[PDB]
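Peer 1: Pasting in a structure now, in structure tokens, and then I'll have a few things to ask.
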Amino acid sequence: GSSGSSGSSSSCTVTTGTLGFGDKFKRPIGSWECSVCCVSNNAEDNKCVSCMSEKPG
Ligand SMILES: [Zn+2]
């Protein structure tokens, strides 16, 4: 137990140490899985449809 804040607030993120891709994400070869919304997109489509974000790469 540690004190020093307003109201007990449990966190999930690792303090004093941030990581990336904590888990795996099933994505197709051709198409590309968005990151902001993580919605299916069209390889040819240089943008998203759910968030309309520019395709990475
Ligand atoms: Zn998107």
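To be explicit about the labels: the chains of the structure tokens are called A, B, and onward in the order shown, and within each one the residues are counted from 1, while ligands get numbers from 1 in the order they are shown.
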Neighbours of stretch 46-54 of chain A within 10 Å (only C-alpha atoms; same-chain residues fewer than 3 positions away dropped), as a list in words?
Peer 2: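 Those residues are residues 32, 33, 34, 35, 36, 37, 38, 39, 40, 41, 42, 43 and 57 of chain A.
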Peer 1: For the residues selected in the previous step, produce a file with N, CA and C atoms as a compact mmCIF listing (two decimals), in the first residue's frame.
Peer 2:
```txt
# COMPACT_ATOMS: atom_id res chain seq x y z
N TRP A 32 -4.94 -3.53 -43.93
CA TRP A 32 -4.17 -3.03 -42.80
C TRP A 32 -5.09 -2.66 -41.64
N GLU A 33 -4.70 -3.06 -40.43
CA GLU A 33 -5.49 -2.77 -39.24
C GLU A 33 -5.11 -1.41 -38.66
N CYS A 34 -6.06 -0.48 -38.66
CA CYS A 34 -5.82 0.86 -38.13
C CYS A 34 -5.25 0.79 -36.72
N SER A 35 -4.80 1.93 -36.21
CA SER A 35 -4.23 2.00 -34.87
C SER A 35 -5.05 2.92 -33.98
N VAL A 36 -5.55 4.01 -34.56
CA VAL A 36 -6.35 4.98 -33.82
C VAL A 36 -7.73 4.40 -33.49
N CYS A 37 -8.32 3.71 -34.45
CA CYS A 37 -9.64 3.11 -34.26
C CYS A 37 -9.56 1.59 -34.35
N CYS A 38 -8.51 1.09 -34.99
CA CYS A 38 -8.31 -0.34 -35.15
C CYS A 38 -9.45 -0.96 -35.96
N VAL A 39 -9.82 -0.30 -37.05
CA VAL A 39 -10.90 -0.78 -37.90
C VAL A 39 -10.36 -1.29 -39.23
N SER A 40 -11.01 -2.31 -39.78
CA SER A 40 -10.59 -2.89 -41.05
C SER A 40 -10.56 -1.84 -42.15
N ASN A 41 -9.55 -1.93 -43.02
CA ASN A 41 -9.41 -0.98 -44.12
C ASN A 41 -9.03 -1.70 -45.41
N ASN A 42 -8.95 -0.94 -46.50
CA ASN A 42 -8.60 -1.51 -47.80
C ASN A 42 -7.17 -1.15 -48.17
N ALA A 43 -6.36 -2.17 -48.45
CA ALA A 43 -4.97 -1.96 -48.82
C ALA A 43 -4.82 -0.78 -49.77
N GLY A 57 2.74 4.46 -43.47
CA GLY A 57 3.67 3.95 -44.46
C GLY A 57 3.30 4.36 -45.87
```
Peer 1: Grab the atom CA of residue A:56 to atom 1 (Zn, counted along the ligand's line) of ligand 1 distance for me, in Å with one decimal place.
Peer 2: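 Interatomic distance here is 10.5 Å.
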Peer 1: Here is a test: counting only C-alpha atoms and all ligand atoms, which residue of A:55, A:30, A:21, A:1 is nearest to ligand 1?
Peer 2: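 Using only C-alpha atoms and all ligand atoms, ligand 1 sits closest to A:55.
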Peer 1: Choose the residue, out of A:25, A:18, A:12, A:45, that has the smallest atom-to-atom separation from ligand 1; count only C-alpha atoms and all ligand atoms.
Peer 2: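 Counting only C-alpha atoms and all ligand atoms, the residue closest to ligand 1 is A:45.
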